[PDB]
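Participant: One structure coming up, written as C-alpha cells, with questions to follow.
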Amino acid sequence: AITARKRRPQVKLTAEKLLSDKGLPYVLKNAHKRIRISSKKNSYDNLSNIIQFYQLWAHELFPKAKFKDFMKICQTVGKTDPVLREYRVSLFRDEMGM
Amino acid sequence: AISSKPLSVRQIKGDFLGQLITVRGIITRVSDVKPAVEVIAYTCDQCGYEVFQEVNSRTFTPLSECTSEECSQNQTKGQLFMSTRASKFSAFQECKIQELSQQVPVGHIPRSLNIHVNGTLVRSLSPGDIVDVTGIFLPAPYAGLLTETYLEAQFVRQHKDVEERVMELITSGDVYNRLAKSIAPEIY
Ligand SMILES: [Zn+2]
C-alpha cells in the first residue's frame, strides 16, 4: 500500500475565521470602546483614530496581508458569502428589534 | 587518575581526545577577550514573538524566515533580525601554551597547543605564566581526516601588614649597610 507522497498546505482569510470571536465579534466588543472622534482634533488625527484600531485588529486576526489588501479581501468575501451576509443582516435585524 | 597527572604538550597523544587532562607549560601568547555566542536571539518584525538559535560550532548560519507558529500557523513569512541585547554571549579567549625547556627532548622544537577558555575562567592566563591547566582536550574539524585540536580550559594552577612589617627592618637596624649587601648577596 501507498507510502506517503507530499503536497503543499496553504491558508487564507475565510468567512468562518472572520466570524470567530476574534473576528467581527471582537470589533463589536472593542471598536466603540477604542475609537473616539472629536471636534477637538483635526481630520487627519480623527481618521488615524479610526484606522489604528482596524489595523491592529486586522493584523491580530490575520497577520499575513497588508492593511489595504486585508480591506480588499474583506470587501470581496463580504460580497460573496451567505453566512457572513446572514450575520451582517442579523446585526441590523437586532438593531431593528431594539 | 589522568586529570591529576601534569603531562607535557608532546605527551598529549591523540588517544587523550575527549578526556579531562592537565597540561604543564608556559603561556606564550594570549588573545584579547571576544564575545562568543551561546544563544542568538532574533526579534521578529511581523509578529513580535522572538525566536532563538543555540550555536554549538565555530560557524553558524543566520535565520531569516520566522519559524514560530505565531507566524507559521498563519503562513506569514515574517522576517527575523538578530538582537545583541537579548542574545546570550559568553566571554571567549584563545591562549597558546608551550612546553617548558626541561620537557623538550634533545634536538626537538618546543611543541605548543591552543587553549580555549570560556566564562568566568577568562583572563586567568597571562603570557609568561608557567602553569598547570586542566581542560577537555578536544578536536575541531578544519586536510581531510587530520584534525585541529585544542584544550577547553577547566582549571588553572599557577606555579608562582606592610606598613607595620617595615618597622621590623627599621628596628632591626644598620639598614643601609645590610640592604646594600643584600643586592646580589653572593657577589663579593
Ligand atoms: Zn514571526
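Please note that chains go A, B, ... in the order of the C-alpha cells, that every chain numbers its residues from 1, and that ligands are numbered from 1 in the order shown.
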Kindly provide, as a count of residues only, the residues of chain A having any atom no farther than 10 Å from an atom of chain B, counting only C-alpha atoms.
Facilitator: 12
Participant: Find the residues around residue 71 (chain A) up to 9 Å (only C-alpha atoms counted), leave out those fewer than 5 positions away in its own chain, and share them as a PDB file with C-alpha atoms, in the first residue's frame.
Facilitator:
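Result written to around.pdb:
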ATOM      1  CA  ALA A  58      -6.754  43.157  11.167  1.00  0.00           C
ATOM      2  CA  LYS A  66      -1.224  44.302   4.291  1.00  0.00           C
ATOM      3  CA  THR A  76     -14.824  40.730  -1.703  1.00  0.00           C
TER       4      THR A  76
END
Participant: Closest to ligand 1 among B:90, B:84, B:147, B:68, using only C-alpha atoms and all ligand atoms?
Facilitator: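 Ranking B:90, B:84, B:147, B:68 by distance to ligand 1, first place goes to B:68.
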Participant: Excluding residue 53 (chain B) and any residue of its chain fewer than 4 positions from it, enumerate the residues within 8 Å of it, using only C-alpha atoms, and give them as a ChimeraX atom specification.
Facilitator: /B:39-41
Participant: Got time to write the residues from that selection, N, CA, C and O atoms, as a PDB file, in the first residue's frame?
Facilitator:
ATOM      1  N   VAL B  39      23.596  31.528  22.613  1.00  0.00           N
ATOM      2  CA  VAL B  39      22.254  31.552  22.041  1.00  0.00           C
ATOM      3  C   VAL B  39      22.090  32.887  21.333  1.00  0.00           C
ATOM      4  O   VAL B  39      22.178  33.944  21.969  1.00  0.00           O
ATOM      5  N   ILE B  40      21.848  32.841  20.030  1.00  0.00           N
ATOM      6  CA  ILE B  40      21.460  34.031  19.281  1.00  0.00           C
ATOM      7  C   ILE B  40      19.970  34.244  19.484  1.00  0.00           C
ATOM      8  O   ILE B  40      19.190  33.285  19.468  1.00  0.00           O
ATOM      9  N   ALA B  41      19.572  35.498  19.674  1.00  0.00           N
ATOM     10  CA  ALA B  41      18.174  35.885  19.815  1.00  0.00           C
ATOM     11  C   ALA B  41      17.773  36.740  18.624  1.00  0.00           C
ATOM     12  O   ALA B  41      18.500  37.667  18.252  1.00  0.00           O
TER      13      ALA B  41
END
Participant: Go through B:59, B:64, B:154, B:93 and flag the residue nearest residue 34 (chain B), using only C-alpha atoms for the distances.
Facilitator: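 Closest candidate: B:93.
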Participant: Find the residues around residue 126 (chain B) up to 12 Å (only C-alpha atoms counted), leave out those fewer than 6 positions away in its own chain, and share them as a list in words.
Facilitator: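 Here the qualifying residues turn out to be residues 26, 27, 28, 29, 30, 31, 32, 93, 94, 95, 96, 97, 156 and 158 of chain B.
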Participant: Could those residues be written to a file, using C-alpha atoms, as a PDB file, in the first residue's frame?
Facilitator:
ATOM      1  CA  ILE B  26      54.312  28.311  29.712  1.00  0.00           C
ATOM      2  CA  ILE B  27      51.729  30.599  28.102  1.00  0.00           C
ATOM      3  CA  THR B  28      53.437  32.054  25.020  1.00  0.00           C
ATOM      4  CA  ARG B  29      50.626  34.364  23.832  1.00  0.00           C
ATOM      5  CA  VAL B  30      47.056  35.326  24.762  1.00  0.00           C
ATOM      6  CA  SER B  31      44.175  36.818  22.775  1.00  0.00           C
ATOM      7  CA  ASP B  32      42.105  39.785  23.831  1.00  0.00           C
ATOM      8  CA  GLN B  93      39.598  33.893  24.854  1.00  0.00           C
ATOM      9  CA  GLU B  94      42.209  31.860  22.966  1.00  0.00           C
ATOM     10  CA  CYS B  95      45.633  31.227  24.508  1.00  0.00           C
ATOM     11  CA  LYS B  96      48.615  29.117  23.437  1.00  0.00           C
ATOM     12  CA  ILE B  97      50.626  27.020  25.909  1.00  0.00           C
ATOM     13  CA  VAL B 156      44.237  26.748  36.381  1.00  0.00           C
ATOM     14  CA  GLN B 158      49.806  28.954  38.794  1.00  0.00           C
TER      15      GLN B 158
END
Participant: Let's see if you can do this: from backbone DSSP, list all alpha helix (DSSP H) residues in chain A, as a PyMOL selection string.
Facilitator: chain A and resi 15-19+24-34+43-61+67-79+82-96
Participant: Which neighbours of residue 57 (chain A) fall inside 10 Å, counting only C-alpha atoms, when residues of the same chain fewer than 2 positions from it are skipped, and could you give them as a ChimeraX atom specification?
Facilitator: /A:22-24,26-27,30-31,51-55,59-63
Participant: CA of residue 80 (chain A) and CA of residue 25 (chain A) are how many Å apart?
Facilitator: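 CA of residue 25 (chain A) lies 19.6 Å from CA of residue 80 (chain A).
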Participant: Neighbouring residues of residue 113 (chain B) were defined as those with any atom within 10 Å, considering only C-alpha atoms; residues of the same chain fewer than 3 positions away were excluded. Please report them as a compact mmCIF listing (two decimals) with N, CA, C and O atoms, in the first residue's frame.
Facilitator:
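Final output, saved to part30.txt:
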# COMPACT_ATOMS: atom_id res chain seq x y z
N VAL B 9 53.15 18.87 26.60
CA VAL B 9 52.27 19.00 25.44
C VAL B 9 52.50 17.85 24.46
O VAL B 9 51.55 17.30 23.90
N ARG B 10 53.76 17.48 24.23
CA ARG B 10 54.04 16.38 23.31
C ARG B 10 53.61 15.03 23.86
O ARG B 10 53.47 14.08 23.08
N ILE B 12 50.68 14.64 25.02
CA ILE B 12 49.24 14.61 24.77
C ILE B 12 49.07 13.94 23.41
O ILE B 12 48.92 14.61 22.39
N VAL B 23 47.78 19.84 31.76
CA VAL B 23 48.95 20.08 30.91
C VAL B 23 49.81 21.14 31.59
O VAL B 23 49.29 22.13 32.11
N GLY B 25 52.95 23.84 31.19
CA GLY B 25 53.67 24.60 30.19
C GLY B 25 53.74 26.06 30.55
O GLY B 25 53.35 26.47 31.65
N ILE B 27 52.61 29.91 29.04
CA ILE B 27 51.73 30.60 28.10
C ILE B 27 52.58 31.52 27.24
O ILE B 27 53.20 32.46 27.76
N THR B 28 52.60 31.27 25.93
CA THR B 28 53.44 32.05 25.02
C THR B 28 52.70 33.25 24.41
O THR B 28 53.35 34.26 24.12
N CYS B 95 44.27 31.15 24.02
CA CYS B 95 45.63 31.23 24.51
C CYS B 95 46.41 30.08 23.89
O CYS B 95 45.82 29.12 23.38
N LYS B 96 47.74 30.19 23.91
CA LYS B 96 48.62 29.12 23.44
C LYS B 96 49.64 28.80 24.51
O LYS B 96 50.36 29.69 24.97
N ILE B 97 49.69 27.52 24.91
CA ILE B 97 50.63 27.02 25.91
C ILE B 97 51.73 26.28 25.18
O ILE B 97 51.49 25.61 24.17
N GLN B 98 52.95 26.39 25.71
CA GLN B 98 54.14 25.79 25.11
C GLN B 98 54.90 25.01 26.18
O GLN B 98 54.97 25.44 27.33
N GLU B 99 55.46 23.87 25.78
CA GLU B 99 56.14 23.01 26.74
C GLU B 99 57.48 23.62 27.16
O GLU B 99 58.18 24.26 26.38
N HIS B 116 41.45 27.10 24.78
CA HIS B 116 40.21 27.87 24.71
C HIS B 116 39.63 27.96 26.11
O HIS B 116 39.36 26.92 26.73
N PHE B 137 40.62 18.02 26.39
CA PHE B 137 41.34 18.01 25.12
C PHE B 137 40.39 17.53 24.04
O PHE B 137 39.82 16.44 24.16
N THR B 149 43.13 20.74 16.93
CA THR B 149 42.86 20.29 18.29
C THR B 149 43.29 21.35 19.29
O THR B 149 44.26 22.07 19.08
N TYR B 150 42.55 21.40 20.40
CA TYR B 150 42.68 22.46 21.39
C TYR B 150 42.30 21.89 22.76
O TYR B 150 41.78 20.77 22.86
N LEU B 151 42.57 22.67 23.80
CA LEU B 151 42.25 22.32 25.18
C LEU B 151 41.19 23.30 25.70
O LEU B 151 41.47 24.49 25.87
Participant: My list of candidates is B:101, B:182, B:61, B:43. Which is closest to ligand 1 when distances are computed with only C-alpha atoms and all ligand atoms?
Facilitator: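 For ligand 1, the nearest of the given residues is B:43.
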